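Everything below belongs to structure05.pdb, which stores PDB, C-alpha atoms.
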```
MODEL        1
ATOM      1  CA  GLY A  63     140.818 101.698  94.417  1.00  0.00           C
ATOM      2  CA  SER A  64     142.002  99.797  97.483  1.00  0.00           C
ATOM      3  CA  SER A  65     145.620  99.884  98.653  1.00  0.00           C
ATOM      4  CA  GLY A  66     147.393  97.982  95.893  1.00  0.00           C
ATOM      5  CA  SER A  67     146.526  96.802  92.390  1.00  0.00           C
ATOM      6  CA  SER A  68     144.847  93.431  91.856  1.00  0.00           C
ATOM      7  CA  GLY A  69     146.623  92.915  88.546  1.00  0.00           C
ATOM      8  CA  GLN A  70     145.749  92.629  84.863  1.00  0.00           C
ATOM      9  CA  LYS A  71     142.561  94.702  84.940  1.00  0.00           C
ATOM     10  CA  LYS A  72     140.552  95.802  81.903  1.00  0.00           C
ATOM     11  CA  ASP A  73     137.050  97.074  81.139  1.00  0.00           C
ATOM     12  CA  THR A  74     136.270  95.736  77.665  1.00  0.00           C
ATOM     13  CA  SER A  75     138.529  98.492  76.337  1.00  0.00           C
ATOM     14  CA  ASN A  76     139.479  96.968  72.984  1.00  0.00           C
ATOM     15  CA  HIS A  77     136.543  94.553  72.864  1.00  0.00           C
ATOM     16  CA  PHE A  78     133.743  94.134  70.322  1.00  0.00           C
ATOM     17  CA  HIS A  79     130.165  94.010  71.610  1.00  0.00           C
ATOM     18  CA  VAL A  80     127.460  92.139  69.698  1.00  0.00           C
ATOM     19  CA  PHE A  81     123.705  92.731  69.571  1.00  0.00           C
ATOM     20  CA  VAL A  82     121.239  89.871  70.031  1.00  0.00           C
ATOM     21  CA  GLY A  83     117.456  89.931  69.794  1.00  0.00           C
ATOM     22  CA  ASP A  84     114.398  87.748  69.255  1.00  0.00           C
ATOM     23  CA  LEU A  85     115.541  85.739  72.277  1.00  0.00           C
ATOM     24  CA  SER A  86     112.855  83.606  73.922  1.00  0.00           C
ATOM     25  CA  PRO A  87     111.655  84.651  77.403  1.00  0.00           C
ATOM     26  CA  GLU A  88     113.035  81.360  78.718  1.00  0.00           C
ATOM     27  CA  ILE A  89     116.555  82.130  77.501  1.00  0.00           C
ATOM     28  CA  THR A  90     119.170  83.014  80.117  1.00  0.00           C
ATOM     29  CA  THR A  91     122.503  84.841  80.004  1.00  0.00           C
ATOM     30  CA  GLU A  92     124.106  81.400  79.760  1.00  0.00           C
ATOM     31  CA  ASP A  93     122.061  80.216  76.780  1.00  0.00           C
ATOM     32  CA  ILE A  94     123.444  83.129  74.764  1.00  0.00           C
ATOM     33  CA  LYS A  95     127.068  82.367  75.628  1.00  0.00           C
ATOM     34  CA  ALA A  96     126.385  78.770  74.596  1.00  0.00           C
ATOM     35  CA  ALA A  97     125.373  80.000  71.142  1.00  0.00           C
ATOM     36  CA  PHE A  98     128.413  82.193  70.496  1.00  0.00           C
ATOM     37  CA  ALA A  99     130.469  79.874  72.700  1.00  0.00           C
ATOM     38  CA  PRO A 100     131.894  77.852  69.781  1.00  0.00           C
ATOM     39  CA  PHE A 101     132.243  81.156  67.929  1.00  0.00           C
ATOM     40  CA  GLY A 102     135.015  82.351  70.222  1.00  0.00           C
ATOM     41  CA  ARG A 103     135.703  82.834  73.924  1.00  0.00           C
ATOM     42  CA  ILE A 104     133.057  85.214  75.267  1.00  0.00           C
ATOM     43  CA  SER A 105     133.922  87.764  77.952  1.00  0.00           C
ATOM     44  CA  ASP A 106     130.932  90.060  78.468  1.00  0.00           C
ATOM     45  CA  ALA A 107     127.619  88.239  78.058  1.00  0.00           C
ATOM     46  CA  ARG A 108     124.251  89.147  79.576  1.00  0.00           C
ATOM     47  CA  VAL A 109     120.534  89.389  78.806  1.00  0.00           C
ATOM     48  CA  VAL A 110     118.980  92.859  78.856  1.00  0.00           C
ATOM     49  CA  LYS A 111     116.254  93.168  81.489  1.00  0.00           C
ATOM     50  CA  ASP A 112     113.695  95.734  82.644  1.00  0.00           C
ATOM     51  CA  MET A 113     115.050  98.017  85.367  1.00  0.00           C
ATOM     52  CA  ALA A 114     111.454  98.416  86.537  1.00  0.00           C
ATOM     53  CA  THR A 115     110.544  94.763  87.078  1.00  0.00           C
ATOM     54  CA  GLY A 116     113.714  92.898  86.160  1.00  0.00           C
ATOM     55  CA  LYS A 117     112.177  90.710  83.463  1.00  0.00           C
ATOM     56  CA  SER A 118     114.013  89.510  80.355  1.00  0.00           C
ATOM     57  CA  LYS A 119     113.826  92.447  77.945  1.00  0.00           C
ATOM     58  CA  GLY A 120     114.439  90.145  74.996  1.00  0.00           C
ATOM     59  CA  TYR A 121     117.768  91.352  73.629  1.00  0.00           C
ATOM     60  CA  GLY A 122     121.224  90.526  74.950  1.00  0.00           C
ATOM     61  CA  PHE A 123     124.851  91.604  74.643  1.00  0.00           C
ATOM     62  CA  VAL A 124     127.850  89.466  73.693  1.00  0.00           C
ATOM     63  CA  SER A 125     131.445  90.702  73.574  1.00  0.00           C
ATOM     64  CA  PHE A 126     134.390  88.763  72.147  1.00  0.00           C
ATOM     65  CA  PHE A 127     138.154  89.020  72.636  1.00  0.00           C
ATOM     66  CA  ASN A 128     138.798  89.344  68.901  1.00  0.00           C
ATOM     67  CA  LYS A 129     136.871  91.020  66.082  1.00  0.00           C
ATOM     68  CA  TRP A 130     136.642  87.918  63.893  1.00  0.00           C
ATOM     69  CA  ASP A 131     135.138  85.721  66.607  1.00  0.00           C
ATOM     70  CA  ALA A 132     132.212  88.134  66.893  1.00  0.00           C
ATOM     71  CA  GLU A 133     131.841  89.073  63.226  1.00  0.00           C
ATOM     72  CA  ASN A 134     131.758  85.400  62.242  1.00  0.00           C
ATOM     73  CA  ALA A 135     128.829  84.919  64.620  1.00  0.00           C
ATOM     74  CA  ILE A 136     126.977  88.104  63.677  1.00  0.00           C
ATOM     75  CA  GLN A 137     126.735  86.489  60.242  1.00  0.00           C
ATOM     76  CA  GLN A 138     126.315  82.794  61.044  1.00  0.00           C
ATOM     77  CA  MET A 139     124.500  83.259  64.354  1.00  0.00           C
ATOM     78  CA  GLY A 140     122.344  85.869  62.647  1.00  0.00           C
ATOM     79  CA  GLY A 141     119.096  84.215  61.629  1.00  0.00           C
ATOM     80  CA  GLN A 142     119.676  81.124  63.755  1.00  0.00           C
ATOM     81  CA  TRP A 143     117.350  79.437  66.247  1.00  0.00           C
ATOM     82  CA  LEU A 144     118.409  79.875  69.874  1.00  0.00           C
ATOM     83  CA  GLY A 145     116.640  77.919  72.599  1.00  0.00           C
ATOM     84  CA  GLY A 146     113.294  77.755  70.838  1.00  0.00           C
ATOM     85  CA  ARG A 147     113.093  80.817  68.602  1.00  0.00           C
ATOM     86  CA  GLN A 148     115.068  82.734  65.976  1.00  0.00           C
ATOM     87  CA  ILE A 149     117.537  85.469  66.914  1.00  0.00           C
ATOM     88  CA  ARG A 150     118.635  88.765  65.366  1.00  0.00           C
ATOM     89  CA  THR A 151     122.390  89.365  65.468  1.00  0.00           C
ATOM     90  CA  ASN A 152     123.991  92.666  64.462  1.00  0.00           C
ATOM     91  CA  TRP A 153     126.454  95.392  65.446  1.00  0.00           C
ATOM     92  CA  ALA A 154     125.427  96.765  68.842  1.00  0.00           C
ATOM     93  CA  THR A 155     127.168 100.066  68.113  1.00  0.00           C
ATOM     94  CA  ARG A 156     125.778 101.833  65.047  1.00  0.00           C
ATOM     95  CA  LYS A 157     125.434 105.371  63.689  1.00  0.00           C
ATOM     96  CA  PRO A 158     122.072 107.200  63.761  1.00  0.00           C
ATOM     97  CA  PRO A 159     120.211 108.087  60.537  1.00  0.00           C
ATOM     98  CA  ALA A 160     120.172 111.560  58.990  1.00  0.00           C
ATOM     99  CA  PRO A 161     117.253 114.011  59.345  1.00  0.00           C
ATOM    100  CA  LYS A 162     115.186 113.627  56.175  1.00  0.00           C
ATOM    101  CA  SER A 163     111.513 112.816  55.607  1.00  0.00           C
ATOM    102  CA  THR A 164     109.352 112.752  52.478  1.00  0.00           C
ATOM    103  CA  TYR A 165     106.048 111.340  51.235  1.00  0.00           C
ATOM    104  CA  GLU A 166     103.850 111.437  48.132  1.00  0.00           C
ATOM    105  CA  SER A 167     100.346 110.265  47.226  1.00  0.00           C
ATOM    106  CA  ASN A 168      99.104 110.199  43.632  1.00  0.00           C
ATOM    107  CA  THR A 169      95.319 110.286  44.000  1.00  0.00           C
ATOM    108  CA  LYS A 170      94.443 110.825  40.338  1.00  0.00           C
ATOM    109  CA  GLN A 171      90.740 110.596  41.176  1.00  0.00           C
ATOM    110  CA  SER A 172      87.848 113.061  41.340  1.00  0.00           C
ATOM    111  CA  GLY A 173      85.188 111.040  43.136  1.00  0.00           C
ATOM    112  CA  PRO A 174      83.447 107.642  43.271  1.00  0.00           C
ATOM    113  CA  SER A 175      80.140 107.118  41.465  1.00  0.00           C
ATOM    114  CA  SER A 176      77.708 104.197  41.327  1.00  0.00           C
ATOM    115  CA  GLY A 177      74.212 103.853  39.898  1.00  0.00           C
TER     116      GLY A 177
ENDMDL
END
```

Translate this structure into structure tokens?
Amino acid sequence: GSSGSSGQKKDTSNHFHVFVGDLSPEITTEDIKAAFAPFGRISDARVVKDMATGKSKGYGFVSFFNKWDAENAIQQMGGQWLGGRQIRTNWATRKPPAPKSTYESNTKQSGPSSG
């Protein structure tokens, strides 16, 4: 914090982030914004990349000023074709599943027999 305050500063406090996947390797941070562009003014938009090489991971993030703007997209944008391939839109922030596993296999057989 330098001497003095720049002004109206905010860090996506009351913003809604959106999840985007199935994005072609040729898609750039811009491309994404262009998709949700007409779906509401986008603030935070970027394309996840590998911190090891720096290559397009595949999924990206898109935050909107309002909740509707995003939601609307998550539905419409979801299942659409961006750039040159489909895309998976959903809520970036979700709750983890509960610990529970089960499995069953009804064999109902003694053994194979032929001639």

Practice item. Work out how far apart atom CA of residue 152 of chain A and atom CA of residue 81 of chain A are and give it in Å to one decimal. Key: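 For atom CA of residue 152 of chain A relative to atom CA of residue 81 of chain A, the distance reads 5.1 Å.
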
Atom CA of residue 102 of chain A sits from atom CA of residue 136 of chain A at a separation of 11.9 Å

Contacts of residue 103 of chain A at 8 Å or less, counting all atoms listed in the file, minus same-chain residues fewer than 6 places along, as a PyMOL selection string? chain A and resi 126-127+131

- Item | Result set, the PyMOL selection byres ((chain A and resi 88-98) around 8) on current file, as JSON, numbers by chain | {"A": [85, 86, 87, 99, 100, 101, 102, 104, 107, 108, 109, 122, 124, 132, 135, 139, 144, 145]}

Produce a file of the selected residues containing C-alpha atoms, as an mmCIF file, in the frame of the given file.
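Saved the output as again35.cif:
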```
data_model
loop_
_atom_site.group_PDB
_atom_site.id
_atom_site.type_symbol
_atom_site.label_atom_id
_atom_site.label_comp_id
_atom_site.auth_asym_id
_atom_site.auth_seq_id
_atom_site.Cartn_x
_atom_site.Cartn_y
_atom_site.Cartn_z
ATOM 1 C CA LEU A 85 115.541 85.739 72.277
ATOM 2 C CA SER A 86 112.855 83.606 73.922
ATOM 3 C CA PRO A 87 111.655 84.651 77.403
ATOM 4 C CA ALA A 99 130.469 79.874 72.700
ATOM 5 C CA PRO A 100 131.894 77.852 69.781
ATOM 6 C CA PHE A 101 132.243 81.156 67.929
ATOM 7 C CA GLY A 102 135.015 82.351 70.222
ATOM 8 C CA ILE A 104 133.057 85.214 75.267
ATOM 9 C CA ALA A 107 127.619 88.239 78.058
ATOM 10 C CA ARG A 108 124.251 89.147 79.576
ATOM 11 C CA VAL A 109 120.534 89.389 78.806
ATOM 12 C CA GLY A 122 121.224 90.526 74.950
ATOM 13 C CA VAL A 124 127.850 89.466 73.693
ATOM 14 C CA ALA A 132 132.212 88.134 66.893
ATOM 15 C CA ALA A 135 128.829 84.919 64.620
ATOM 16 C CA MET A 139 124.500 83.259 64.354
ATOM 17 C CA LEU A 144 118.409 79.875 69.874
ATOM 18 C CA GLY A 145 116.640 77.919 72.599
#
```

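Coordinates place atom CA of residue 113 of chain A at a distance of 17.7 Å from atom CA of residue 83 of chain A.
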
Which of these residues is nearest to residue 106 of chain A, using only C-alpha atoms: A:77, A:84, A:173, A:134?
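Answer, going by the shortest atom-to-atom distance: A:77.
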
I need the output of the PyMOL selection byres ((chain A and resi 68-76) around 10) for this file as a ChimeraX atom specification; which residues are they? /A:63-67,77-79,105-106,125-129

How would the residues just picked look written out with C-alpha atoms as a PDB file, in the frame of the given file?
```
ATOM      1  CA  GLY A  63     140.818 101.698  94.417  1.00  0.00           C
ATOM      2  CA  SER A  64     142.002  99.797  97.483  1.00  0.00           C
ATOM      3  CA  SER A  65     145.620  99.884  98.653  1.00  0.00           C
ATOM      4  CA  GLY A  66     147.393  97.982  95.893  1.00  0.00           C
ATOM      5  CA  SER A  67     146.526  96.802  92.390  1.00  0.00           C
ATOM      6  CA  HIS A  77     136.543  94.553  72.864  1.00  0.00           C
ATOM      7  CA  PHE A  78     133.743  94.134  70.322  1.00  0.00           C
ATOM      8  CA  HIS A  79     130.165  94.010  71.610  1.00  0.00           C
ATOM      9  CA  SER A 105     133.922  87.764  77.952  1.00  0.00           C
ATOM     10  CA  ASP A 106     130.932  90.060  78.468  1.00  0.00           C
ATOM     11  CA  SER A 125     131.445  90.702  73.574  1.00  0.00           C
ATOM     12  CA  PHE A 126     134.390  88.763  72.147  1.00  0.00           C
ATOM     13  CA  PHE A 127     138.154  89.020  72.636  1.00  0.00           C
ATOM     14  CA  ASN A 128     138.798  89.344  68.901  1.00  0.00           C
ATOM     15  CA  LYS A 129     136.871  91.020  66.082  1.00  0.00           C
TER      16      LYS A 129
END
```

Could you give me the centre and size, in Å to one decimal, of an axis-aligned box around all listed atoms of segment 111-121 of chain A with 6 Å added on every side, as AutoDock Vina command-line options?
```
--center_x 114.2 --center_y 94.0 --center_z 80.4 --size_x 19.2 --size_y 20.9 --size_z 25.4
```

Next item on the list: Please provide the set of residues having any atom within 8 Å of residue 141 of chain A, restricted to all atoms listed in the file, with same-chain residues fewer than 3 positions apart removed, written as a list in words.
Entry: residues 138, 148, 149, 150 and 151 of chain A
